[PDB]
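When a residue number appears, it is its place in the shown sequence, counting from 1. Computed from heavy atoms alone, side chains included, the values below leave out hydrogens, waters and symmetry copies. We count ligands from 1, going down the list as the structure has it; atoms in each ligand are counted the same way.
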Amino acid sequence: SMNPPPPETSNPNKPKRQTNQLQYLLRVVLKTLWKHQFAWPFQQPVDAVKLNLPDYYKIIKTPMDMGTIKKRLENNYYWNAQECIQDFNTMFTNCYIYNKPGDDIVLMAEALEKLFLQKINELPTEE
Ligand SMILES: Nc1cc(O)c(C(=O)O)cc1/N=N/c1ccc(S(=O)(=O)Nc2ccccn2)cc1
């Protein structure tokens, strides 16, 4: 098996804007999750060669990871905070799709997802 190229993280032609939500998504949400004890499997694209997962990209057609999300936020790749929230949810659900209920890695994603939901609950929407 061979990996796909990572998701795009930079497009010089896309319009750029900074919002309080995007700022919070990067400075608080991504930062908090990145430092979580369970973060390390999700900090870069799944390397199915290095991890000996030859069917991963046969099953996962929309890969996503927090290293990509970090780059997207940093490059002003997102226009809407919802695009970022969706990438986080793609990352969590990818793990659920590839693995099985009760798997350790699925419990780890579930814990990260709970933390994620607690943090976006406090998203600044002009407070
Ligand atoms: N499954 C994985 C698949 C992967 O692809 C990668 C990766 O690519 O990096 C890492 C993975 N890691 N898998 C772990 C499984 C258990 C533990 S654990 O020692 O903390 N034990 C428990 C037990 C129950 C609940 C929580 N943790 C740590 C990591």
Do side-chain atoms of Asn11 reach the backbone of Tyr77 as a donor and acceptor pair under 3.5 angstrom? no

Should the pair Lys70-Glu74 be classified as a salt bridge under the 4.0 Å nitrogen-to-oxygen rule? yes

Determine whether more than 12 heavy atoms belonging to other residues, nucleotides or ligands lie under 6.0 Å from atom NZ of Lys50. no

For atom 18 (S) of ligand 1, the closest protein heavy atom turns out to be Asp104 OD2, 5.0 Å

Atom 11 (C) of ligand 1 has as its nearest protein heavy atom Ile105 CD1, 3.8 Å

Would the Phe92 and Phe116 ring centres measure less than 6.0 Å apart? yes

Could you pull out the closest heavy-atom pair between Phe42 and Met91, with the gap in Å? CB-SD, 3.8 Å

Candidate with minimal heavy-atom separation from atom 10 (C) of ligand 1, of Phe38, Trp40, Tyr56: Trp40

Evaluate the 4.0 Å heavy atom contact test for atom 8 (O) of ligand 1: does a protein atom fall under the cut-off? yes

Could you pull out, from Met108, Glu110, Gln43, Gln44, the option with a heavy atom nearest to atom 28 (C) of ligand 1? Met108

Of all protein heavy atoms, the one nearest atom 6 (C) of ligand 1 is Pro41 CB, 3.8 Å

Look only at the side chain of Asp103 and the backbone of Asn99, and say whether a donor-acceptor pair between them is shorter than 3.5 Å. no

Distance below 4.0 Å between atom 4 (C) of ligand 1 and any protein heavy atom? no

